[PDB]
Each structure stands twice: as C-alpha cells, then as structure tokens.
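Undergrad:
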Amino acid sequence: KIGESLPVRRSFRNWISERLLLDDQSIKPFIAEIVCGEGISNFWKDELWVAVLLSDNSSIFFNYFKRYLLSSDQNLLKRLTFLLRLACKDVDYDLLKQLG
Amino acid sequence: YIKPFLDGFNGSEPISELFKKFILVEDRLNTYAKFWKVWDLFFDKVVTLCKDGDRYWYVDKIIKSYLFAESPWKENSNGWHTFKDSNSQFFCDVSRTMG
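So the protein lines, in turn, are chains B and C.
497 is the number of the first residue of the first sequence in the deposited numbering; add one for each residue after it.
1390 is the number of the first residue of the second sequence in the deposited numbering; add one for each residue after it.
1. At the level of alpha carbons, what is the spacing between B:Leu565 and C:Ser1475?
2. Should B:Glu514 go down as buried or exposed, given a rule of 16 or more other Cβ atoms within 10 Å for buried?
3. Cβ of C:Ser1484 less than 8 Å from any chain B Cβ?
4. Return no unless some Cβ of chain C is closer than 8 Å to the Cβ of B:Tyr589.
5. How would you label C:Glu1464, buried or exposed, when you count the other beta carbons within 10 angstroms and need 16 or more for buried?
6. Of all Cβ atoms in chain B, is any one closer than 8 Å to the Cβ of C:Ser1401?
7. Which residues in the same chain have their Cβ closer than 6 Å to the Cβ of C:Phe1398, if we skip the five residues on either side of it in sequence?
8. Short of 7 Å in beta carbon distance, which residues of its chain neighbour B:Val548, apart from the five on each side in sequence? Order them along the chain.
9. For C:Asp1474, report the span of its alpha helix (DSSP H) as first-last.
10. Does the beta carbon of C:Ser1475 sit closer than 8 Å to a beta carbon anywhere in chain B?
11. Kindly list the residues whose CB is nearer than 8 Å to the CB of C:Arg1485, restricted to its own chain and excluding five residues on each side of it in sequence; keep chain order.
Structure below.
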C-alpha cells in the first residue's frame, strides 16, 4: 500500500527511528516479523537495518539476533558492512577547514 | 558427551526419558546457556522425526517430551527461570516447522 518511491522510504526510515526512541514495545515483534520473514522485498530489509544501525539502541539487536547472524553463512553480516560503509557516514568539515 | 545419542537417534522410548531428566536437572541447577545448547543440538533430529507422522513407535511421546508437556509443573507459575524474551524464537521455529 505505501508504495516504493524514494520519499516514502526516507519517511519510513524516520518513522522507525522515532518508534525506537519512544519505547513502543509493539515495534519489536514487527521488526522480528520482517527480519525472519519471506516474501518481503529485500530493499525494505535494508532500509530497516540502516534505521537500526543509526539508532543508539543498536547493540541490543546484535544480542537478540546472535544465532541468526552467525549461522546464516554470515550472509546478513556481510550485507551489514556494505550498508554501514555506504549510508552511515558524514562530511568531515573540521578537516576541510584545517585544509583551508 | 551427547554424541552417542545424536548418532543413534530413533523413535524408541528412552529418548523421551532422556529429555525429561534434562528438564529436571536444569530446574535444580539453573544452567541457562548449557541447557539451551543441548536443546539446540537435537532440533533437526526431532524435526526429521515428525515428518514420518507422530503415530509410529513412541514419536508422539518424544514430541511431547521435547516441548515441555510431560513434566509435572506447579499449579500457578508466573514463568520459568530458564525462559527469557530472547528464547521466543524457539517456539517461532517450532510452530513454523512442526505444525
């Protein structure tokens, strides 16, 4: 229903990031249903993991999904490094200022 | 330790008695991670066994033992000291696979 265009994806990522801040415990079953689910198109799983990796809560999910991360031939754990290197970075304006 | 029972696994009655004794000793000792390691190693064998149908030999009794249904629990428990939020994935896999 919500569609697949890019402004919607940004708004979904914001919405998840807010639910993880305001402690609505109904979200954790939903997140588990996606992460263990089938038929969900993979770019939604990627947007969800970017929201997790940008949140302060992040270490909790590694505790919760330990055996899933390890046993799946580390396939998901490899995707996480790709997403981390692409999305989770920012411009280093201090260093630009020191270079003039 | 458990390798002779993993290699020889079948539908015979002492497989049920084994699971009941592990549950009893864990209730005495409260050794969380070690219990869940033992339970994680038997999962695929039990899953393979139910696909023959639970009417054979003692298969239904083995299923009931593995899923905590044969032990004499107290009448008004709030929970069990070996169950935590993380372990809900066990019942998810079970209901996905042995339904």
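All residues carry an ideal CB built from backbone N, CA and C; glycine is no exception.
TA: This is what the structure holds:
1. 14 Å
2. exposed
3. no
4. no
5. exposed
6. no
7. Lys1434
8. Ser554 and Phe557
9. Element bounds for C:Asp1474: n/a, residue is neither H nor E.
10. yes
11. none
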